[PDB]
Amino acid sequence: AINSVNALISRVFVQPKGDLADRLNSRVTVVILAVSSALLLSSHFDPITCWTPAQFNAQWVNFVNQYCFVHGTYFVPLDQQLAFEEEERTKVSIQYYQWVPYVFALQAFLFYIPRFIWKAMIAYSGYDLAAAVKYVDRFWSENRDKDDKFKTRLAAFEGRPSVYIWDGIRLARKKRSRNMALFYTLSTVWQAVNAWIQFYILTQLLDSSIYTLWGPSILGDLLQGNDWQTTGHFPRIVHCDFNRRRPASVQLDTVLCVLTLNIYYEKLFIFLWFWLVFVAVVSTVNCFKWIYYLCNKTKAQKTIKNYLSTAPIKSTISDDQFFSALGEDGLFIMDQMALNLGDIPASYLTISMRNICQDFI
Amino acid sequence: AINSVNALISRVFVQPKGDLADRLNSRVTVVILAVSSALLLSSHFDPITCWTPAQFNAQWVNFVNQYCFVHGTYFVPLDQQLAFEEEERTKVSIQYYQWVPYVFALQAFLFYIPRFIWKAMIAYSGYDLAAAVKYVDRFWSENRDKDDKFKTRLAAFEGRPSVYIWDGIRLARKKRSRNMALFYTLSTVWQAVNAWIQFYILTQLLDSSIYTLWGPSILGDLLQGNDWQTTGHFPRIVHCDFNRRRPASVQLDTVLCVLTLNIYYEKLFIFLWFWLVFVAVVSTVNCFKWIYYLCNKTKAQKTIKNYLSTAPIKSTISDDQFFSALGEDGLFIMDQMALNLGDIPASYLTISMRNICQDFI
Amino acid sequence: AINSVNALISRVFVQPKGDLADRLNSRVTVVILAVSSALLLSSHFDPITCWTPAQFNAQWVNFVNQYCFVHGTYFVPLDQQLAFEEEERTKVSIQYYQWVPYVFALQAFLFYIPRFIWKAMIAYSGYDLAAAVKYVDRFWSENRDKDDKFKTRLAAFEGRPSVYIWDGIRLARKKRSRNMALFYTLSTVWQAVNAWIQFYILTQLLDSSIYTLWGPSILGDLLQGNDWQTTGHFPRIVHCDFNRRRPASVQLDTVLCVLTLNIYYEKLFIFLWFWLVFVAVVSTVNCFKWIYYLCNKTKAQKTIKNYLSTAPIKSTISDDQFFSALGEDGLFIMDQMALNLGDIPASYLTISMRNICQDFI
Amino acid sequence: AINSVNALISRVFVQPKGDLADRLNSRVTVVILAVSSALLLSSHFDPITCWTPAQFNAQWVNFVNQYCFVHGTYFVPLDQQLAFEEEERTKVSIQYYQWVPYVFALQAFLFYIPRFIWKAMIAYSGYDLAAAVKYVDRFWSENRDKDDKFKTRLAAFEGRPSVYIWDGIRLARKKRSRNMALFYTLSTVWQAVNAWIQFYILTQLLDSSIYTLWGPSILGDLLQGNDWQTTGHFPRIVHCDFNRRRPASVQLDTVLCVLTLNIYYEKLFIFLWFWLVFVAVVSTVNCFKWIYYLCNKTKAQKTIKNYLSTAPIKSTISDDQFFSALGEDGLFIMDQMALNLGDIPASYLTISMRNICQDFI
Amino acid sequence: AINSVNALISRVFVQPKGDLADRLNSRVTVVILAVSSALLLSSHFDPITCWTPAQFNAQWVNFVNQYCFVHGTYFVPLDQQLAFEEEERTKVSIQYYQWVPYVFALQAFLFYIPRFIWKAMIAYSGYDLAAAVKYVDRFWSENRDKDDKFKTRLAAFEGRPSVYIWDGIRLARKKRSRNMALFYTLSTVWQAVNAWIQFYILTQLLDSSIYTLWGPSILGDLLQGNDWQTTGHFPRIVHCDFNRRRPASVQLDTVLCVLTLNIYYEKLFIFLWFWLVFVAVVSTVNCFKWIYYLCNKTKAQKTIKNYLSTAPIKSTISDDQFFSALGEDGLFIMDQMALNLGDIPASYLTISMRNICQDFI
């Protein structure tokens, strides 16, 4: 059959509204890992097929099938005979079927957490950016078109939106926010550390006792033409111990089982390793951006002092004390308005807020 | 069954808005290679069928089927007997089933990257073309029809849109853009090099040790009537080594397996080679266009100096110093407006911007 | 099952807007050949059934089925025995299964190319007919109904649309178009040559070594009652060589296989030959029309000089010098407006353009 | 399963707009023959079942099934033994499975051609009736309701629609139409001859060597209770020659096969013969109508001279010379307006055109 | 499975607009007989099952199944032995499977013809009732609600609708209609005779040689408890002659086949006989209504002379000569307006037409 779900993918992939730069790799990460996880445990609707001997009546084949899938499997390159005891034969032991498809779902969830941390944390800060942005937005969606306001366009932002934002600041500033920028940079630290932990989980996945995977080694093998049977690891043909019961208890034998899933798993561990290390390095530089921002803060004002330089007629109020009134809170939320509404609609907003800021400072 | 997906193909094939010339062969390339890849690994919902001997009970047939698919296969033209050892029989060894259907998906993704590079890079440059184009666009969609503005049509562009664009330039020009044209031509260099690398991946695909494919050789064979068995390569009937286990370990035999997929794969490697070399040569000339543009730049102004020659009443301001004010940034974004909105609506825009450009120069 | 796709057929069959006369046989050709191709390789969801002898266990039947389909088949009229060697038996050898269903898809694509050549070429010429036609169109869709403009109807075309068209000509005429008519007639030459090449591909299809098909011979046989077995070619019952492997290598035998597809293929090669030769002869006369047009050009003006003869009040400007101003470019685009908008709405447009043409000549 | 397609049947059955009287039996003919054809080759999703002897293993049953379907079948009434040689047994030979379901599709197409001839031919004539009719139509759809125009209703047709039609005549009359009526009557001759040829194809279908079908003979048999086995023709139980291969080559035997399709085919050849002869005789009288029209032409004016007799106030212009101005072209297009818009809305149009016709004559 | 088609049943069952009294039993008749016919030949997706003896291998069971269905079957009450020869055993011979399900479809079509006769015939008469009724209808749908016209309501019908109808009469009366009432009563004669012929076809169906069916006999048996086996006719268990072929030719035997369809067929021949005789007697009285109408015609005017008796203020014009002007044509179309629009909206129309009728008489 075929399964194509457009809508549910569009829910996370689209619906929640933000343009946040490359923080939307949480949005797409959840989709990739969620779809891969839900696809693998779907078993491509036979995971494993086996050689079980002549006289089994085919209700046992459908048994030794699972009993090989559930109980572990192992591998030996072939011609070593079987070795002996339980050890040298079981030395290389490949069962990651138990982990991978579920631990991916867990991965995806742990990529979704940081957004939740940011929503709950901004609701803790007291000043909601979602409402403000969606407001000044549609203010800019209405009268951008209307020709009645252009020569007035500057004075239009003065009354209606700028009093809304500048009014929200008065309420928030009395409740648990001068700090909301700090809360944001903690959110992005959590983003980075989360990414690296996920990557490390990919590495330590499979089993650390038998190697570990990271891409340029595997591609540095395949592209040398080492396949599997001559590379000594990661096989597609696995022997399977097997146990009946009689008054002689164990009665174990070895039945080799061709193994399909191992053709997918290491075709997508070459991709998904590159893509997770990419999400890691693009998420970790975004963090140092904001520690730099939070630290220097004298060059955090370059964008605002830049917008105030266009400033038709440049009326009166001085520069510094405007930052004295706006400094802790608004200096951030402006860096948010520029990121969503665009650039030019923000400059009008921050040049209007300079005119009406008196009573507060 | 039948699978027909119109919508998801229309998402990439349509939804993101641009007319960029023959840069939309990334758009269609992703569709061709993505659909081919997703179709091949669908196995036309039997990949390979085999001759396995008389006494197997049909749970082994369904085994030696995979065990032949997963483990490699090879070919010998027939009547050579089997030769001997492991080598002369395995000399020509055909397994590209492992690579092709997945490496196509990887291809498609690597065709989608350059668009991403251009979006992220223009967001780095500071001046967003998407917003501007979509703005002056619907400005031209509203009052193109309205009869109240025609004798005023020139003066209409003066106030409303031209102040928007010409205002965006003031903001961008202070932040990391005189260069956005250079960023664009780097994007197109990446486009070309990406295309040629993809083509080279097609060539080196299959296995370089046993020939390599490029079209006029294969068609230069088929159209001479060499099929396969007499051309010595690329078969549809492949022998398959096979291994049981007993106290005598290997016990290998040879069971020839009729092989269906090889009827598709080299029907679409004749097409897809031509089509990739075409995308290559149409993408590589588009690049030299922009290096020429970026270099000479005295003949990059021919279109603007051309629009200013229609110029009703040709009021006052001289020619050169207009380019002195507009030169680095706007000279590009105009070449973008002409490409999307059409030609005649752009000439009005660039003849209006000449009138209101004073304060900035 | 049943597959009925209305929408995707309506996309090519309808969506792209033009009335171009019998150039829409590219539009319908792509549909016929695409649907036939996609239907044939669907195998009418058994291509071939065979007689394979008594003791095969039905996993071999499902093998010799393909091994007969993939490896070639041949035919002998029956009672000749088998002849001998490999030659006299294989003299008539029927395998076109490999070619036909795919080479049809290739056909269809090569019918779609010329439209692409025309779009890209008109975008090279500098003056876009699509925008202009869709503009003066909906200008004629709005105020055709409105009763306020009829006595003014002539003066209505004067201001709004005619300045748009006549303004586009000023821009184009400075960039790489006096020639757009020539580009068009090259497009139609490509149309004709493309058609004849496709037809010749039908002929040389099957195999030229064993006859070739063209309709009045086949119908000139069937309607004489020659079927197949007595006509010596084109059978529905084909013998199939077959090869096992043992220490005696070849072990070939002959197993006759009833062959279904051959009932479809030559029911639609009687139709599709007629229909391609029709598309050829209707496409090739359309070409000589435009070479005649491009050559004489004194009788290319008959339609315009005809429209200017209705001409209420026939004000002032002389005849010839109007053509001197309009000659190279507009004389074409008018022959385009007449073809899409209809006839009477074009006459108003070309009688209005005579009034406002002064400044340009 | 069940297949019900409403929309595609509604496309031809409805969408193209015309009321043309009983020329819409092309419209419905295409539907009947197309649906019958597509239903028969669907095989009622077993065409033929057979008696094949005891020891065949059921992969041969599924062979001799086709090999009987593809290779011909014959019939003998039973108890004649088998006769002998190849002739007396094969005398009556029933295979129309090869022809019927496809030749119906061909029929349907050849019913659709004449409409195409009429569209292309009217586009050759220079004056498009589709646009005009759809125009004066919605002119009559708008202000039929509006109460502001009734006492003015006559004067309403004077300005807006009548100048449109009467203006189109000026353009057409200069290009290849005084004749469009003649083109129409050639179209209807083609209609009639096409119908009779189709009917004759039904007759000569099956095989002329063994009888031929026309209804009152078959019903004149069935309703006498002659079924098949006693009527000597048209059986439901057919013997089937069959050929193996051994060192004795032919080895033919006779295996009688119950035959289902023959229960449908002559249930719908009783219907479809009546219905085609009806379409023939209703289409052939429609033709003599228009040859009469084109010939006498003094009584072709009875409808117009009839409309001019209601004529409130009957102002001035004489009768004959109005026909002198309108005679060749408009006299037809009026007989078209009466057929689509109805009758009363046409009389207003032709009584208005008498008032404004001066300048043209 | 399940098949439920609402829309196609709603097309005939609803879409064509008329209230014609009990002439809509053609509308519902077509649905009943069409659905029954299409359901029966669907075989309730096994028509007949049979006892065929022990040693048949189940590819013969699936043969003797059809060979019993196609070739006839017969019946004997049981214990008579088999009798002898071919006659006494085959005396009662039940095969109506061949006829019934198709002859029902033919029935339905022959119920649909009379509507077609009426549409074509009214289009022959020259005055189209469909347009008029649908016009004065929506005239009554608009201003019935509007409160501005009530005291004016009488004068409202005077200008707008009544001039439309009374104007159509002037055109029609000059072309082939004083007679349209006569055409209508011929249509209803055809309706009645058609109904009785259909009923007689039900009777003579099955086979007249073995009884015939009409309801009160069958129910007069079942409700006496005569079932089948003791009533001597109409069985559910039928013996089936059967023929192999050997050098002894016939080799016929008798294999009794349980027969399911016979449980449906005479459950719905009890219903459908009553329902057809009802449609007959309700359709035949509707006919004598109109012969009475057409004949006396002095009491055909009772409804109009009745409406003119309400007549506010009863202005001037006498009674009889109004009928002299309206007599042949309008006297009918009024009896049509009363049947569709209702009664009270018609009285206003016929009291308005009395006021404005002067010029015509």
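Per the deposited record, the coordinates in this entry were obtained by cryo-EM to a resolution of 3.3 Å.

Caption draft 1: Spotlight on the interface of chain A and chain B. Contact with chain A, which involves 40 residues of that partner, is made by 34 residues of chain B. Interface area for chain A against chain B, summed over the two sides, is near 3600 Å², with a carbon-plus-sulfur share of 60%. Of all residues in chain A, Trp51, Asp145 and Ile344 of chain A give up the largest surface area on contact with chain B, accounting jointly for 18% of the area buried on that side. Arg138 of chain B is the partner of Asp145 of chain A in a salt bridge, and the nearest nitrogen-oxygen pair spans 3.7 Å. Inspection of the region where chain A meets chain B yields nine residue pairs in polar contact. Elements represented by at least two residues in the side of chain A that touches chain B include exactly strand 1 (48–50), helix 9 (262–296), helix 10 (302–307) and helix 13 (344–356) of chain A. Residues of the side of chain A that touches chain B, tallied by class, amount to 20 nonpolar, ten polar and ten charged.

Caption draft 2: Summary view of the state of the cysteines. All names here are of chain C. Scanning the model with the defined rule gives ten disulfides over all chains in all. Each disulfide pairs two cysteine sulfurs, and for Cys50 the partner residue is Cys257, the sulfurs being separated by 2.0 Å. Taking the torsion about the sulfur-sulfur bond, which here is approximately -75°, the covalent link between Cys50 and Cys257 counts as left-handed. Placement of the pair is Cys50 in strand 1 (residues 48–50) and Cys257 in strand 5 (residues 257–259), with a sequence separation of 207 residues.

Caption draft 3: Up close: the sheet that holds strand 2 (residues 237–238) of chain E. All names here are of chain E. As summarised here, the arrangement of the three strands in space is 1-5-2, forming an open sheet in which the pairing is antiparallel. Strands at the two margins of the open sheet, each flanked by one partner only, are strand 1 (48–50) and strand 2. As judged from the two bridges shared by strand 2 and strand 5 (residues 257–259), these two strands associate in the antiparallel manner. Bridging from a neighbouring strand, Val238 pairs with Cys257 of strand 5.

Caption draft 4: Broad picture of the sheet that holds strand 2 (residues 237–238) of chain B. Pairing is antiparallel in the open sheet, where three strands are placed in the order 1-5-2 (chain B). With partners counted over all chains shown, the strands left at the sheet margins are strand 1 (48–50) and strand 2 of chain B, one partner each. Here helix 3 (residues 61–70) of chain C sits on the sheet in contact with strand 1, strand 2 and strand 5 (257–259) of chain B, set at roughly 50° to strand 5 of chain B.

Reading guide: rules and limits
Residues numbered from 1 in each chain as written, not as in the entry; some residues may be left out. Chains lettered and ligands numbered in written order. Part of a larger assembly, values for the part shown. Heavy atoms only, no water. Residues with missing side-chain atoms left out of burial classes, pairs and counts. Contact = heavy atoms within 4.5 Å. Buried area = accessible area lost by both parts, 1.4 Å probe. Salt bridge = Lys/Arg side-chain N within 4 Å of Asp/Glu carboxyl O. Polar contact = N/O pair within 3.5 Å; in protein donor to acceptor, adjacent residues only side chain to side chain. Helix = DSSP H or I, 4+ residues; strand = E, 2+ residues; numbered from the N terminus. Nonpolar A, V, L, I, M, F, W, Y, C, P; charged D, E, K, R; others polar. Disulfide = S-S within 2.5 Å. Pairing = 2+ DSSP bridges. Axes fitted to C-alpha atoms, helices over the stretch in contact; angles between N-to-C directions.

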